[PDB]
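Inspection log for the structure reproduced underneath, given as structure tokens.
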Amino acid sequence: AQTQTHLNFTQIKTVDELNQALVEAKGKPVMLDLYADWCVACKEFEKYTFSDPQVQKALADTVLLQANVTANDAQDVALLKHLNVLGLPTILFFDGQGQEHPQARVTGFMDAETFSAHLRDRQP
């Protein structure tokens, strides 16, 4: 169509900005998407999974964060080490207390249906 509905992600660049966002999200679940222009699976996520109406509805009460590590500068490297991420794509989930749940990580592409199931069954 002429227009499209997208999830409104809050962009973060550093470990400190991530912490500030967690503090602000007290009591709410948080999802962090790690994206890079060279990561094909990441683009597929943005274009086909995060654009799905059912996926967007399932994330209605979740704080959405996103980090663009394309440049791969000092701050990007520091953020990835802090989170203990091996590669992209990687989507992390934090609970209302601000703690991550490693078992809920998504590390490969997932279509709208598979991702919706993950949220239903695995999101903290």
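Ordering of the structure tokens sets the chain letters (A, B, ...); residue numbers start at 1 within each chain; ligands are numbered from 1 in the order shown.
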When you look at stretch 11-14 of chain A with a cut-off of 8 Å (counting only C-alpha atoms), what residues show up, excluding the ones that are within fewer than 5 positions of it in the same chain? I need them as a list in words.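 Listing them by chain and then by number gives residues 65, 66, 67, 68, 75, 76, 78 and 79 of chain A.
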Writing out the chosen residues with N, CA and C atoms as an mmCIF file, in the first residue's frame:
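Written file, result38.cif:
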data_model
loop_
_atom_site.group_PDB
_atom_site.id
_atom_site.type_symbol
_atom_site.label_atom_id
_atom_site.label_comp_id
_atom_site.auth_asym_id
_atom_site.auth_seq_id
_atom_site.Cartn_x
_atom_site.Cartn_y
_atom_site.Cartn_z
ATOM 1 N N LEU A 65 13.081 -1.845 22.446
ATOM 2 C CA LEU A 65 14.383 -1.207 22.276
ATOM 3 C C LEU A 65 15.100 -1.803 21.076
ATOM 4 N N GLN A 66 15.969 -1.016 20.458
ATOM 5 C CA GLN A 66 16.716 -1.504 19.312
ATOM 6 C C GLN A 66 18.090 -0.857 19.225
ATOM 7 N N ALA A 67 19.105 -1.666 18.946
ATOM 8 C CA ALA A 67 20.461 -1.154 18.803
ATOM 9 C C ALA A 67 20.942 -1.465 17.391
ATOM 10 N N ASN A 68 21.498 -0.458 16.727
ATOM 11 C CA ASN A 68 22.011 -0.607 15.366
ATOM 12 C C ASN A 68 23.527 -0.675 15.476
ATOM 13 N N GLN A 75 31.557 1.678 20.911
ATOM 14 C CA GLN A 75 30.356 1.531 21.724
ATOM 15 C C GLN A 75 29.528 0.309 21.344
ATOM 16 N N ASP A 76 29.546 -0.052 20.065
ATOM 17 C CA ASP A 76 28.799 -1.219 19.603
ATOM 18 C C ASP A 76 29.447 -2.469 20.170
ATOM 19 N N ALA A 78 31.326 -2.733 22.821
ATOM 20 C CA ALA A 78 31.122 -2.763 24.268
ATOM 21 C C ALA A 78 29.730 -3.287 24.623
ATOM 22 N N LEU A 79 28.722 -2.858 23.871
ATOM 23 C CA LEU A 79 27.352 -3.293 24.125
ATOM 24 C C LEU A 79 27.181 -4.795 23.906
#
Would you return as an NGL selection string the members of stretch 39-121 of chain A that DSSP assigns to helix (DSSP H, G or I) on this structure's backbone? :A and (40-49 or 53-58 or 74-83 or 102-104 or 112-121)
To one decimal place, how far is atom CA of residue A:46 from atom CA of residue A:5 in Å?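 These atoms are spaced 11.6 Å apart.
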Any idea what's packed within 12 Å of residue A:55, counting only C-alpha atoms, ignoring anything in its chain fewer than 4 positions away? Could you give it as a list in words?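 The residues that qualify are residues 5, 6, 7, 45, 46, 48, 49, 50, 51, 59, 60, 61, 62, 110, 111, 112, 113, 114, 115, 116, 117, 118, 119 and 120 of chain A.
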Distance query residue A:70 at most 8 Å, only C-alpha atoms, self and fewer than 4 positions along chain excluded, as a ChimeraX atom specification: /A:35-38
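With only C-alpha atoms as the atoms that count, the residue of A:18, A:34, A:58, A:23 with the shortest distance to residue A:107 is A:34.
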Select, from A:32, A:69, A:42, A:20, the residue with the minimum atom-to-atom distance to residue A:92, counting only C-alpha atoms. A:32
Tell me which protein, DNA and RNA residues are within 10 Å of residue A:100, counting only C-alpha atoms, leaving out same-chain ones fewer than 3 positions away, and put them as a PyMOL selection string. chain A and resi 29-32+83+92-97+103-105+124
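Distance check against residue A:22 using only C-alpha atoms: of A:64, A:108, A:8, A:85, the minimum falls on A:64.
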